[PDB]
Every structure is written in structure tokens, then in C-alpha cells.
file input.tsv (TSV, C-alpha atoms)
chain	number	residue	atom	x	y	z
A	1	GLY	CA	67.28	-127.48	1.08
A	2	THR	CA	68.75	-125.24	3.80
A	3	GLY	CA	67.71	-122.61	6.33
A	4	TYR	CA	66.77	-125.24	8.90
A	5	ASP	CA	68.93	-123.27	11.35
A	6	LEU	CA	67.18	-119.90	11.23
A	7	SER	CA	64.06	-120.65	13.27
A	8	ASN	CA	64.24	-122.04	16.82
A	9	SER	CA	61.80	-124.95	16.90
A	10	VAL	CA	62.59	-126.35	13.43
A	11	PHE	CA	63.79	-129.92	12.97
A	12	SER	CA	66.70	-130.24	10.52
A	13	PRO	CA	66.58	-133.28	8.19
A	14	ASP	CA	68.81	-135.24	10.60
A	15	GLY	CA	66.42	-134.54	13.49
A	16	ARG	CA	68.37	-131.75	15.18
A	17	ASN	CA	67.49	-128.26	16.38
A	18	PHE	CA	70.40	-126.09	15.23
A	19	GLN	CA	69.40	-123.01	17.20
A	20	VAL	CA	69.90	-125.02	20.41
A	21	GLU	CA	73.25	-126.22	19.11
A	22	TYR	CA	74.24	-122.63	18.39
A	23	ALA	CA	73.15	-121.75	21.90
A	24	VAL	CA	75.69	-124.32	23.06
A	25	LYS	CA	78.44	-122.45	21.21
A	26	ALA	CA	77.60	-119.41	23.34
A	27	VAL	CA	78.03	-121.63	26.39
A	28	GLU	CA	81.39	-123.13	25.33
A	29	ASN	CA	82.58	-119.58	24.72
A	30	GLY	CA	81.96	-118.72	28.34
A	31	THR	CA	83.90	-118.89	31.58
A	32	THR	CA	84.48	-122.32	33.09
A	33	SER	CA	82.49	-123.39	36.17
A	34	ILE	CA	82.15	-126.68	38.03
A	35	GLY	CA	80.40	-128.68	40.69
A	36	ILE	CA	81.76	-131.45	42.92
A	37	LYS	CA	79.45	-133.78	44.82
A	38	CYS	CA	80.88	-134.75	48.22
A	39	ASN	CA	79.75	-137.30	50.83
A	40	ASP	CA	77.11	-135.01	52.37
A	41	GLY	CA	76.86	-131.93	50.21
A	42	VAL	CA	78.01	-130.29	47.01
A	43	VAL	CA	80.55	-127.63	46.09
A	44	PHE	CA	80.24	-125.00	43.41
A	45	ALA	CA	83.05	-122.89	42.02
A	46	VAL	CA	83.56	-120.65	39.02
A	47	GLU	CA	86.18	-118.68	37.07
A	48	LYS	CA	85.77	-114.88	37.14
A	49	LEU	CA	87.90	-113.26	34.41
A	50	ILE	CA	89.44	-109.96	35.56
A	51	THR	CA	88.95	-107.64	32.59
A	52	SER	CA	90.80	-104.83	34.35
A	53	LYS	CA	92.04	-103.47	37.67
A	54	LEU	CA	88.81	-101.47	37.65
A	55	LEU	CA	86.63	-104.43	38.67
A	56	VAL	CA	86.05	-104.09	42.41
A	57	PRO	CA	87.43	-107.40	43.73
A	58	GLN	CA	84.96	-109.80	45.34
A	59	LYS	CA	81.94	-107.75	44.24
A	60	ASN	CA	80.52	-109.04	40.96
A	61	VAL	CA	79.26	-112.35	42.44
A	62	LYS	CA	78.12	-115.13	40.13
A	63	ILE	CA	76.97	-118.07	42.22
A	64	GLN	CA	73.27	-117.79	42.94
A	65	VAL	CA	71.17	-119.30	45.69
A	66	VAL	CA	67.63	-120.58	45.26
A	67	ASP	CA	65.50	-120.83	48.40
A	68	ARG	CA	67.93	-121.55	51.22
A	69	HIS	CA	69.37	-124.96	50.25
A	70	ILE	CA	70.10	-124.72	46.52
A	71	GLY	CA	73.13	-123.34	44.77
A	72	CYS	CA	73.34	-122.46	41.07
A	73	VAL	CA	76.27	-121.61	38.84
A	74	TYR	CA	76.36	-121.25	35.05
A	75	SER	CA	78.54	-120.57	32.02
A	76	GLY	CA	77.47	-118.65	28.94
A	77	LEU	CA	75.21	-115.62	28.61
A	78	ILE	CA	75.10	-114.43	32.22
A	79	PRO	CA	71.85	-112.50	31.81
A	80	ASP	CA	70.16	-115.70	30.61
A	81	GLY	CA	71.43	-117.49	33.69
A	82	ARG	CA	69.93	-114.91	36.01
A	83	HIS	CA	66.63	-115.26	34.16
A	84	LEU	CA	66.71	-119.02	34.73
A	85	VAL	CA	67.42	-118.57	38.44
A	86	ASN	CA	64.61	-116.03	38.83
A	87	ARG	CA	62.33	-118.72	37.43
A	88	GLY	CA	63.77	-121.40	39.68
A	89	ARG	CA	63.22	-119.13	42.66
A	90	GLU	CA	59.52	-118.75	41.81
A	91	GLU	CA	59.28	-122.40	41.03
A	92	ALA	CA	60.70	-123.14	44.51
A	93	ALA	CA	58.52	-120.59	46.35
A	94	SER	CA	55.44	-122.06	44.65
A	95	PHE	CA	56.42	-125.59	45.69
A	96	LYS	CA	57.11	-124.66	49.33
A	97	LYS	CA	53.86	-122.69	49.58
A	98	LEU	CA	51.73	-125.69	48.60
A	99	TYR	CA	53.72	-128.58	50.08
A	100	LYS	CA	55.38	-126.77	53.02
A	101	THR	CA	58.59	-128.74	52.61
A	102	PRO	CA	61.37	-126.87	50.74
A	103	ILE	CA	61.76	-128.25	47.21
A	104	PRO	CA	63.75	-131.55	46.77
A	105	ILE	CA	66.73	-131.21	44.42
A	106	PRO	CA	65.44	-133.64	41.79
A	107	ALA	CA	62.08	-131.87	41.80
A	108	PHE	CA	63.85	-128.54	41.37
A	109	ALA	CA	65.97	-129.93	38.55
A	110	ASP	CA	62.94	-130.85	36.49
A	111	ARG	CA	61.36	-127.47	37.14
A	112	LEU	CA	64.39	-125.87	35.52
A	113	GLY	CA	64.47	-128.62	32.93
A	114	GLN	CA	60.87	-128.31	31.74
A	115	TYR	CA	61.18	-124.52	31.61
A	116	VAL	CA	64.33	-124.73	29.46
A	117	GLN	CA	62.92	-127.45	27.21
A	118	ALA	CA	59.94	-125.13	26.75
A	119	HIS	CA	62.22	-122.61	25.04
A	120	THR	CA	63.05	-125.13	22.29
A	121	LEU	CA	59.38	-125.61	21.39
A	122	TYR	CA	58.59	-122.28	19.68
A	123	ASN	CA	60.21	-119.93	17.15
A	124	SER	CA	59.04	-116.90	19.09
A	125	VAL	CA	61.69	-117.46	21.74
A	126	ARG	CA	65.42	-118.12	21.84
A	127	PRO	CA	66.96	-121.10	23.67
A	128	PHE	CA	68.91	-120.36	26.85
A	129	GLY	CA	72.55	-119.52	26.24
A	130	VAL	CA	73.77	-121.20	29.40
A	131	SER	CA	74.62	-124.62	30.85
A	132	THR	CA	73.86	-124.61	34.55
A	133	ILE	CA	75.32	-126.59	37.42
A	134	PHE	CA	73.17	-126.60	40.55
A	135	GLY	CA	72.39	-128.77	43.56
A	136	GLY	CA	71.92	-129.03	47.29
A	137	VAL	CA	71.03	-131.25	50.23
A	138	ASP	CA	67.51	-132.53	50.74
A	139	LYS	CA	65.40	-135.08	52.63
A	140	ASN	CA	67.64	-137.82	51.25
B	1	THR	CA	35.27	-109.32	54.93
B	2	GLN	CA	35.51	-112.11	57.44
B	3	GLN	CA	35.32	-112.95	61.12
B	4	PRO	CA	38.07	-114.41	63.37
B	5	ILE	CA	37.79	-118.06	64.46
B	6	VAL	CA	40.87	-119.23	66.37
B	7	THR	CA	42.34	-116.23	68.21
B	8	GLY	CA	45.23	-114.99	70.31
B	9	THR	CA	44.78	-112.37	73.04
B	10	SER	CA	47.00	-109.44	74.16
B	11	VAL	CA	50.57	-108.67	73.04
B	12	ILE	CA	52.27	-106.30	75.46
B	13	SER	CA	55.60	-104.52	74.99
B	14	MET	CA	57.74	-101.58	76.08
B	15	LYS	CA	61.20	-100.18	75.45
B	16	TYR	CA	63.97	-99.74	78.02
B	17	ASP	CA	67.42	-98.10	77.86
B	18	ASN	CA	69.13	-100.80	75.76
B	19	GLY	CA	66.33	-102.41	73.83
B	20	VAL	CA	62.74	-103.54	73.82
B	21	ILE	CA	60.73	-106.30	75.48
B	22	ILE	CA	57.67	-107.99	74.05
B	23	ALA	CA	55.47	-110.81	75.38
B	24	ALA	CA	52.35	-112.86	74.58
B	25	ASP	CA	50.68	-115.87	76.18
B	26	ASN	CA	50.49	-119.22	74.39
B	27	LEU	CA	46.76	-119.58	74.04
B	28	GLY	CA	44.72	-120.19	70.89
B	29	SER	CA	41.08	-119.53	71.76
B	30	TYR	CA	38.02	-120.63	69.77
B	31	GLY	CA	35.23	-118.44	71.03
B	32	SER	CA	35.12	-119.22	74.76
B	33	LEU	CA	36.84	-122.62	74.34
B	34	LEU	CA	40.50	-122.41	75.41
B	35	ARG	CA	41.30	-124.84	72.56
B	36	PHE	CA	45.05	-124.73	71.91
B	37	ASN	CA	47.88	-124.25	74.40
B	38	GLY	CA	51.10	-124.57	72.46
B	39	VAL	CA	50.66	-121.45	70.38
B	40	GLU	CA	53.73	-119.26	69.98
B	41	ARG	CA	52.62	-115.78	68.96
B	42	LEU	CA	56.03	-114.11	69.00
B	43	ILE	CA	57.65	-114.30	65.56
B	44	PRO	CA	61.39	-113.73	65.59
B	45	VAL	CA	62.82	-112.41	62.30
B	46	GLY	CA	66.58	-112.63	62.12
B	47	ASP	CA	68.29	-111.49	65.32
B	48	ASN	CA	67.13	-107.88	65.75
B	49	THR	CA	63.35	-108.14	65.37
B	50	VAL	CA	60.47	-109.93	67.08
B	51	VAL	CA	56.88	-109.76	65.80
B	52	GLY	CA	54.01	-110.28	68.25
B	53	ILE	CA	50.66	-111.14	66.69
B	54	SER	CA	47.16	-111.24	68.14
B	55	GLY	CA	43.83	-111.90	66.49
B	56	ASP	CA	43.00	-114.59	63.96
B	57	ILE	CA	45.54	-117.38	64.30
B	58	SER	CA	45.05	-118.62	60.72
B	59	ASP	CA	45.99	-115.14	59.48
B	60	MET	CA	48.90	-115.12	61.94
B	61	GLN	CA	50.26	-118.33	60.42
B	62	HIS	CA	49.99	-116.63	57.04
B	63	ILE	CA	51.84	-113.56	58.30
B	64	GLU	CA	54.42	-115.99	59.63
B	65	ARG	CA	54.94	-117.49	56.18
B	66	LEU	CA	55.21	-114.00	54.73
B	67	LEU	CA	58.00	-113.20	57.15
B	68	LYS	CA	59.96	-116.40	56.41
B	69	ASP	CA	59.79	-115.43	52.74
B	70	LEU	CA	60.91	-111.89	53.37
B	71	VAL	CA	64.02	-113.43	54.93
B	72	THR	CA	64.60	-115.89	52.07
B	73	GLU	CA	64.07	-113.22	49.43
B	74	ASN	CA	66.36	-110.67	51.10
B	75	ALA	CA	69.13	-113.25	50.99
B	76	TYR	CA	68.90	-113.53	47.19
B	77	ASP	CA	71.83	-111.94	45.36
B	78	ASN	CA	72.63	-110.24	48.64
B	79	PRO	CA	76.23	-110.82	49.81
B	80	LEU	CA	75.56	-108.53	52.78
B	81	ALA	CA	72.42	-110.36	53.95
B	82	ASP	CA	73.94	-111.02	57.37
B	83	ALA	CA	75.50	-107.57	57.69
B	84	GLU	CA	74.85	-104.09	56.24
B	85	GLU	CA	71.95	-105.41	54.15
B	86	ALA	CA	70.13	-107.56	56.68
B	87	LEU	CA	66.43	-107.04	57.41
B	88	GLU	CA	65.89	-104.05	59.70
B	89	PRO	CA	62.97	-103.97	62.13
B	90	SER	CA	61.66	-100.86	60.36
B	91	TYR	CA	61.75	-102.68	57.02
B	92	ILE	CA	59.80	-105.61	58.43
B	93	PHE	CA	57.21	-103.23	59.85
B	94	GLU	CA	56.72	-101.02	56.82
B	95	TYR	CA	56.22	-104.23	54.84
B	96	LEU	CA	53.58	-105.64	57.19
B	97	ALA	CA	51.89	-102.23	57.50
B	98	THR	CA	51.74	-101.98	53.73
B	99	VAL	CA	50.09	-105.38	53.59
B	100	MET	CA	47.64	-104.62	56.40
B	101	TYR	CA	46.36	-101.44	54.75
B	102	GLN	CA	46.16	-102.99	51.26
B	103	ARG	CA	44.05	-105.78	52.70
B	104	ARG	CA	41.64	-103.56	54.64
B	105	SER	CA	41.46	-101.42	51.50
B	106	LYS	CA	40.32	-104.43	49.50
B	107	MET	CA	37.72	-105.07	52.21
B	108	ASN	CA	39.36	-108.39	53.10
B	109	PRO	CA	41.53	-107.73	56.20
B	110	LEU	CA	44.06	-109.91	58.00
B	111	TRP	CA	42.21	-109.90	61.35
B	112	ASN	CA	45.16	-109.00	63.55
B	113	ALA	CA	46.82	-106.49	65.83
B	114	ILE	CA	50.61	-106.61	65.37
B	115	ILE	CA	53.53	-105.17	67.33
B	116	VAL	CA	56.96	-105.16	65.77
B	117	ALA	CA	59.72	-104.94	68.38
B	118	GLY	CA	63.40	-104.71	67.69
B	119	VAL	CA	66.68	-102.81	67.53
B	120	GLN	CA	67.83	-100.94	64.42
B	121	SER	CA	71.44	-101.26	63.19
B	122	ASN	CA	72.32	-97.85	64.64
B	123	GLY	CA	71.22	-99.16	68.03
B	124	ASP	CA	67.87	-97.31	68.13
B	125	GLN	CA	64.94	-99.12	69.73
B	126	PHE	CA	62.06	-99.92	67.43
B	127	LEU	CA	58.50	-100.35	68.63
B	128	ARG	CA	55.48	-99.80	66.38
B	129	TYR	CA	51.95	-101.21	66.06
B	130	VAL	CA	49.69	-101.99	63.07
B	131	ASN	CA	46.25	-103.62	62.95
B	132	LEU	CA	43.60	-104.90	60.52
B	133	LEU	CA	42.54	-101.32	59.69
B	134	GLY	CA	46.05	-100.40	58.61
B	135	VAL	CA	46.35	-97.96	61.51
B	136	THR	CA	49.85	-97.46	62.90
B	137	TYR	CA	51.47	-95.76	65.89
B	138	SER	CA	54.41	-95.73	68.29
B	139	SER	CA	54.68	-95.14	72.02
B	140	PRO	CA	57.25	-95.99	74.73
B	141	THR	CA	54.82	-98.84	75.55
B	142	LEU	CA	52.35	-100.68	73.29
B	143	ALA	CA	49.75	-103.37	73.92
B	144	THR	CA	46.90	-104.86	71.89
B	145	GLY	CA	43.40	-105.89	72.88
B	146	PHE	CA	43.04	-106.27	76.65
B	147	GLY	CA	46.65	-105.34	77.31
B	148	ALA	CA	45.87	-101.88	75.98
B	149	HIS	CA	43.45	-101.33	78.82
B	150	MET	CA	45.31	-103.04	81.62
B	151	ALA	CA	48.96	-103.34	80.62
B	152	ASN	CA	49.56	-99.81	79.34
B	153	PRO	CA	48.48	-98.16	82.59
B	154	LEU	CA	50.96	-100.31	84.54
B	155	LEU	CA	53.80	-100.08	82.01
B	156	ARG	CA	53.34	-96.34	81.59
B	157	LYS	CA	54.06	-95.93	85.29
B	158	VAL	CA	57.61	-97.07	84.46
B	159	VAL	CA	58.02	-95.09	81.24
B	160	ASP	CA	55.50	-92.25	81.08
B	161	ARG	CA	57.32	-90.26	78.40
B	162	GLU	CA	60.37	-90.56	76.16
B	163	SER	CA	62.90	-89.23	78.68
B	164	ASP	CA	62.10	-92.21	80.92
B	165	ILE	CA	63.60	-94.76	78.51
B	166	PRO	CA	67.34	-94.32	79.27
B	167	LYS	CA	66.47	-94.36	82.98
B	168	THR	CA	64.86	-97.80	82.64
B	169	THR	CA	66.83	-101.03	83.06
B	170	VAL	CA	66.21	-104.46	81.56
B	171	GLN	CA	65.33	-105.71	85.03
B	172	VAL	CA	62.84	-102.97	85.89
B	173	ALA	CA	61.34	-103.38	82.41
B	174	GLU	CA	61.11	-107.19	82.35
B	175	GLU	CA	59.59	-107.01	85.80
B	176	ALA	CA	56.85	-104.61	84.71
B	177	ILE	CA	56.01	-106.80	81.73
B	178	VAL	CA	55.92	-109.95	83.85
B	179	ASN	CA	53.60	-108.30	86.39
B	180	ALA	CA	51.34	-107.14	83.57
B	181	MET	CA	51.10	-110.69	82.24
B	182	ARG	CA	49.85	-111.74	85.68
B	183	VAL	CA	47.24	-108.94	85.85
B	184	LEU	CA	45.96	-109.93	82.41
B	185	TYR	CA	45.74	-113.52	83.66
B	186	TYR	CA	43.49	-112.28	86.49
B	187	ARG	CA	41.00	-110.30	84.42
B	188	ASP	CA	41.22	-111.43	80.74
B	189	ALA	CA	38.97	-114.47	80.28
B	190	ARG	CA	40.75	-115.42	77.05
B	191	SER	CA	44.24	-115.53	78.58
B	192	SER	CA	46.61	-118.31	79.60
B	193	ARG	CA	49.08	-118.69	82.45
B	194	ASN	CA	51.80	-119.79	80.03
B	195	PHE	CA	53.51	-117.25	77.83
B	196	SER	CA	56.64	-116.34	75.92
B	197	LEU	CA	58.79	-113.26	76.39
B	198	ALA	CA	61.56	-111.86	74.24
B	199	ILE	CA	64.16	-109.18	74.78
B	200	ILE	CA	66.04	-107.47	71.99
B	201	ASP	CA	69.03	-105.68	73.47
B	202	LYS	CA	71.51	-103.64	71.43
B	203	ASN	CA	74.29	-105.46	73.28
B	204	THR	CA	73.09	-108.91	74.38
B	205	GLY	CA	71.17	-109.46	71.15
B	206	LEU	CA	67.93	-111.44	71.04
B	207	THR	CA	66.88	-113.44	74.10
B	208	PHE	CA	63.80	-115.58	73.51
B	209	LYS	CA	62.28	-117.09	76.65
B	210	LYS	CA	59.76	-119.92	76.29
B	211	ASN	CA	57.32	-121.63	78.68
B	212	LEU	CA	57.17	-118.96	81.37
B	213	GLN	CA	54.31	-119.05	83.87
B	214	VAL	CA	52.47	-116.50	85.94
B	215	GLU	CA	53.61	-116.99	89.52
B	216	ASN	CA	53.05	-115.34	92.91
B	217	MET	CA	49.30	-115.00	92.49
B	218	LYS	CA	47.12	-113.84	95.36
B	219	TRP	CA	44.08	-116.11	95.79
B	220	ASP	CA	43.92	-116.65	99.55
B	221	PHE	CA	41.56	-113.73	100.30
B	222	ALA	CA	38.97	-115.62	98.28
B	223	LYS	CA	38.23	-117.82	101.31
B	224	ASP	CA	36.92	-114.84	103.31
B	225	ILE	CA	34.36	-113.98	100.65
B	226	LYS	CA	30.96	-115.63	100.94
B	227	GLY	CA	27.58	-114.81	99.44
B	228	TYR	CA	26.78	-111.77	97.31
B	229	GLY	CA	25.46	-109.37	99.93
B	230	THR	CA	23.72	-110.58	103.11
B	231	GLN	CA	24.86	-114.21	103.40
B	232	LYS	CA	27.13	-114.85	106.40
B	233	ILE	CA	28.27	-118.46	106.03
call {"tool": "encode", "arguments": {"input": "input.tsv", "output": "C-alpha cells"}}
result
Amino acid sequence: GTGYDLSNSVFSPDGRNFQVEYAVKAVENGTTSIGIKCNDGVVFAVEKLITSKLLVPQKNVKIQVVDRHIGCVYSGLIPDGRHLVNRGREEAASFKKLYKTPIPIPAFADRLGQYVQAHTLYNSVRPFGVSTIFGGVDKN
Amino acid sequence: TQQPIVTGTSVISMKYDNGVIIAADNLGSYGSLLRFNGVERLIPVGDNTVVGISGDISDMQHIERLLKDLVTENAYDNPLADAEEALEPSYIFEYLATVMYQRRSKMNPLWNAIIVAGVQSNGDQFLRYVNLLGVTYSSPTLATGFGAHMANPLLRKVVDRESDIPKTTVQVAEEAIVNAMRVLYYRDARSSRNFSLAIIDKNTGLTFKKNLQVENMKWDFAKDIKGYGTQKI
């Protein structure tokens, strides 16, 4: 039948999860942002559409920092992106507190990953409406 | 409720015309055993505040971690983190004081005596104390533990009241503090010769001096003292 796209964790007959795919549409509809990996670091940059002359220039910042070595930028539903960073920040604080060493990038990636994947497991939550580019420099 | 195991002794400080000075030896005592000697008990936060901690070292290390986090957190979504919206000494203190009182109020204190020294953004000198009971107070000079009994009397001879601050120079001040550290070395049995000293000046910024030593000690007269009353040789 149909309706496989109305509840978040439901598998459609072809093995897909339409709500996540619709979340992607929200992402593609957003500002463009990128990340370039260099020989000893990473660069983040994003497009900030000027709706009007009323927007105080340089004020509505988008790039977000996690801990002191991670940078995060995203496209899509901005509020969702902040939510995801708030989580990443806790995730990082928790890691440092137990292991002392600030969180390795890969480790941090999975923290964000598992949390996001979690929102595709239940119909009582909505998937994140953002694709996020993040990174930093760590032990190696 | 607990009891302190590894401890740090006095933390002395005072304020002069352009800033504040704070010092603390580098000893980590374990009862009467002078166990550790590379213990820094002056916690710098940013470039306008220095936190001197005495008491339980394990709790001090915890307070240290709290402070590093306060810095990290303040930097989040804060484009003025290194300017208008940087951590002020008064912010750092009110935070720690809040924590100290909440802990004593839950009957599980952080066994310390803390002195937050620094210079506010408007140039004002900041010097306030907080301990395990959550008690707080300010004075032109402040010392914890033994320094309260021996350092304050000496330091108060330089700055007895408020009006004496502008009249006091970095040199006069640093001298008083360095002499106090020597006195404490003479009579405090849980003190070390090595110590750190930090100056926070509204012009020169934060100067953190490590590995200082008490010098110019008088010990010669000891030779002339024999017996405990009637002995002559």
C-alpha cells in the first residue's frame, strides 16, 4: 500500500526511510557551506544570505566551536544544527572528564553519528534537518 | 563530610595601586610528610585573574578542572570571548563561591580556602576570599591558614586601610609579600622554601613567576644558643 512515509522509523518496501529522505530535502534547501582539509588543519566556510540591510553585519554567526579544537558548520534547519552541537559539546566534555585528553576527531564524529542515527530509530522523534561539516586537529 | 589528605598551606595576597599580587608555596603535604614539591597552587584563568587554592589538593585539582571548563564554555557561541565578553575576575569568584556554599550546604564540602585575585575590565582591583563553609570577604590584604595569622599583620603595615592602595607601588607590595613568604617559612611547619608569585597589573597584564625561593634568611644566631636553661656549653 502507501503511507510508508508518514512515520519516522518505518521501512518502505524498498528498504528506505522516507522521513530521513525528506529531512534531506530540508538540507538541500538550505544555504551552502563547505570544508577543506589542508596539510595540517581544516577550513570551514559558509554562505550567509543577507535578507535585508537590517541584519547587523558580522553578527549572526553560524560556525560553531566544540571544546577548543573542533569546528562545526551545517546547512538546513539551523535550530536543529545548534541542537546537534549542544549535544556534541556535552559529548566532548564527558569524554575529556573521563579520559583527560580532549576528544579525537574520529571519536567525536561517531558521537554525533550515533546520536543522529538514534533519531531514525523511533517514530516519536523527527530526523535532523541538517548535514553537518566538522573537524579539527588531534593527536594524529 | 570528609577530611583533607594531601594539602597545601597558606595563600597570601594584597592589592597595590595598579593591581594585585598573590603567592603560594609549592608544597603538597600529607599529614606531617612533606610529600610533593612540584605543586602549583596558583590557577591563572585567562589574563586578568589568578586563583590561589589551599587545603585538599584533590579538591584543588577538581576546582582546576572546573575553571578550565568555565573558560571553554564561555568561548561557546561567544564572538567576544577575548574582549567585552571575556571572563571577569568577579564572575570567576561568584561562580566558585556559589559552588563552595552549595557543597557545604549539602554537607559535602570542597575542603579549601580560596583567594581570587585579578583586575576587572574597568581597571578595578579584585581581591576576595571564599572557603569550604561558603564564607566570603574582601580586604586590602587577604591570606588563608597560617598566612592569616602571620602574613596579614605584616602586609597590613603596608596597606592598613583603603586609602593606602594608590600610595603603594608594585615594588613595595611585591617586597612585602616576599618577606611574608620568608616569615611563613620560618614558623609554618607545613611550608616550603619554593613558591610561585603572580602579579596582575592593569597595565603590564599578568606576570606569573615560577620557582622562587626564600632567600636572605637569618640562621647564624642559632650557634650562640645552647641548652634550654642552665646549660653553658
call {"tool": "closest_residue", "arguments": {"input": "input.tsv", "among": "A:111, A:139, A:68, A:82", "to": "chain B", "atoms": "all atoms listed in the file"}}
result
A:68
call {"tool": "residues_near_point", "arguments": {"input": "input.tsv", "point": "(62.7, -101.2, 60.8)", "cutoff": "10 Å", "atoms": "only C-alpha atoms", "output": "PyMOL selection string"}}
result
chain B and resi 48-49+87-95+116-121+124-128
call {"tool": "atom_distance", "arguments": {"input": "input.tsv", "atom1": "CA of residue 161 (chain B)", "atom2": "CA of residue 135 (chain B)"}}
result
21.6 Å
call {"tool": "residues_near_point", "arguments": {"input": "input.tsv", "point": "(50.5, -111.4, 86.2)", "cutoff": "9 Å", "atoms": "only C-alpha atoms", "output": "list in words"}}
result
residues 177, 178, 179, 180, 181, 182, 183, 184, 185, 186, 193, 213, 214, 215, 216 and 217 of chain B
call {"tool": "atom_distance", "arguments": {"input": "input.tsv", "atom1": "CA of residue 103 (chain A)", "atom2": "CA of residue 138 (chain A)"}}
result
8.0 Å
call {"tool": "residues_around", "arguments": {"input": "input.tsv", "residues": "residue 9 (chain B)", "least_positions_apart": "6", "cutoff": "8 Å", "atoms": "all atoms listed in the file", "output": "list in words"}}
result
residues 24, 25, 27, 54, 55, 144, 145, 146, 190 and 191 of chain B
call {"tool": "closest_residue", "arguments": {"input": "input.tsv", "among": "B:63, B:43, B:14, B:6", "to": "residue 138 (chain B)", "atoms": "only C-alpha atoms"}}
result
B:14
call {"tool": "closest_residue", "arguments": {"input": "input.tsv", "among": "A:64, A:120, A:114, A:75", "to": "chain B", "atoms": "all atoms listed in the file"}}
result
A:64
call {"tool": "atom_distance", "arguments": {"input": "input.tsv", "atom1": "CA of residue 41 (chain A)", "atom2": "CA of residue 135 (chain A)"}}
result
8.6 Å
call {"tool": "closest_atom_pairs", "arguments": {"input": "input.tsv", "of": "chain B", "to": "chain A", "cutoff": "12 Å", "atoms": "all atoms listed in the file", "output": "JSON lines"}}
result
{"residue": "B:62", "atom": "CA", "partner": "A:97", "partner_atom": "CA", "distance": 10.4}
{"residue": "B:65", "atom": "CA", "partner": "A:97", "partner_atom": "CA", "distance": 8.5}
{"residue": "B:66", "atom": "CA", "partner": "A:97", "partner_atom": "CA", "distance": 10.2}
{"residue": "B:68", "atom": "CA", "partner": "A:67", "partner_atom": "CA", "distance": 10.7}
{"residue": "B:69", "atom": "CA", "partner": "A:93", "partner_atom": "CA", "distance": 8.3}
{"residue": "B:70", "atom": "CA", "partner": "A:67", "partner_atom": "CA", "distance": 11.2}
{"residue": "B:71", "atom": "CA", "partner": "A:68", "partner_atom": "CA", "distance": 9.7}
{"residue": "B:72", "atom": "CA", "partner": "A:67", "partner_atom": "CA", "distance": 6.2}
{"residue": "B:73", "atom": "CA", "partner": "A:67", "partner_atom": "CA", "distance": 7.8}
{"residue": "B:74", "atom": "CA", "partner": "A:67", "partner_atom": "CA", "distance": 10.5}
{"residue": "B:75", "atom": "CA", "partner": "A:65", "partner_atom": "CA", "distance": 8.3}
{"residue": "B:76", "atom": "CA", "partner": "A:65", "partner_atom": "CA", "distance": 6.4}
{"residue": "B:77", "atom": "CA", "partner": "A:64", "partner_atom": "CA", "distance": 6.5}
{"residue": "B:78", "atom": "CA", "partner": "A:61", "partner_atom": "CA", "distance": 9.3}
{"residue": "B:79", "atom": "CA", "partner": "A:61", "partner_atom": "CA", "distance": 8.1}
{"residue": "B:80", "atom": "CA", "partner": "A:59", "partner_atom": "CA", "distance": 10.7}
call {"tool": "residues_around", "arguments": {"input": "input.tsv", "residues": "residue 97 (chain B)", "least_positions_apart": "6", "cutoff": "8 Å", "atoms": "all atoms listed in the file", "output": "list in words"}}
result
residues 130, 131, 134 and 136 of chain B
call {"tool": "closest_residue", "arguments": {"input": "input.tsv", "among": "B:139, B:61, B:29, B:211", "to": "residue 162 (chain B)", "atoms": "all atoms listed in the file"}}
result
B:139
call {"tool": "decode", "arguments": {"input": "input.tsv", "residues": "region 58-69 of chain B", "atoms": "N, CA, C and O atoms", "output": "mmCIF file, in the first residue's frame"}}
result
data_model
loop_
_atom_site.group_PDB
_atom_site.id
_atom_site.type_symbol
_atom_site.label_atom_id
_atom_site.label_comp_id
_atom_site.auth_asym_id
_atom_site.auth_seq_id
_atom_site.Cartn_x
_atom_site.Cartn_y
_atom_site.Cartn_z
ATOM 1 N N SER B 58 43.343 17.293 46.221
ATOM 2 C CA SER B 58 42.488 16.569 45.278
ATOM 3 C C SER B 58 41.294 17.437 44.892
ATOM 4 O O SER B 58 40.842 17.405 43.744
ATOM 5 N N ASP B 59 40.782 18.209 45.851
ATOM 6 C CA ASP B 59 39.659 19.106 45.590
ATOM 7 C C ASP B 59 40.177 20.265 44.743
ATOM 8 O O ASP B 59 39.477 20.767 43.867
ATOM 9 N N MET B 60 41.415 20.687 44.999
ATOM 10 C CA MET B 60 42.008 21.780 44.228
ATOM 11 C C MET B 60 42.075 21.405 42.753
ATOM 12 O O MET B 60 41.729 22.199 41.879
ATOM 13 N N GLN B 61 42.526 20.186 42.479
ATOM 14 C CA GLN B 61 42.631 19.707 41.103
ATOM 15 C C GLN B 61 41.261 19.712 40.440
ATOM 16 O O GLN B 61 41.140 19.967 39.240
ATOM 17 N N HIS B 62 40.232 19.433 41.236
ATOM 18 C CA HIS B 62 38.859 19.436 40.748
ATOM 19 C C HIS B 62 38.469 20.872 40.429
ATOM 20 O O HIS B 62 37.913 21.140 39.369
ATOM 21 N N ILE B 63 38.762 21.791 41.343
ATOM 22 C CA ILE B 63 38.434 23.195 41.124
ATOM 23 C C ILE B 63 39.145 23.673 39.861
ATOM 24 O O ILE B 63 38.630 24.501 39.099
ATOM 25 N N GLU B 64 40.342 23.143 39.653
ATOM 26 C CA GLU B 64 41.137 23.494 38.491
ATOM 27 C C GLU B 64 40.390 23.115 37.223
ATOM 28 O O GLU B 64 40.282 23.913 36.296
ATOM 29 N N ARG B 65 39.876 21.889 37.198
ATOM 30 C CA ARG B 65 39.137 21.382 36.050
ATOM 31 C C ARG B 65 37.883 22.218 35.848
ATOM 32 O O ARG B 65 37.488 22.487 34.722
ATOM 33 N N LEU B 66 37.258 22.646 36.937
ATOM 34 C CA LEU B 66 36.060 23.456 36.816
ATOM 35 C C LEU B 66 36.396 24.741 36.100
ATOM 36 O O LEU B 66 35.675 25.173 35.209
ATOM 37 N N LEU B 67 37.506 25.352 36.489
ATOM 38 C CA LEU B 67 37.928 26.604 35.882
ATOM 39 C C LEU B 67 38.273 26.470 34.398
ATOM 40 O O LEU B 67 37.928 27.350 33.612
ATOM 41 N N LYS B 68 38.938 25.384 34.001
ATOM 42 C CA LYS B 68 39.268 25.190 32.587
ATOM 43 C C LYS B 68 37.990 25.096 31.769
ATOM 44 O O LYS B 68 37.937 25.557 30.632
ATOM 45 N N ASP B 69 36.960 24.501 32.365
ATOM 46 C CA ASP B 69 35.668 24.344 31.712
ATOM 47 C C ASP B 69 34.940 25.660 31.610
ATOM 48 O O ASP B 69 34.276 25.927 30.614
#
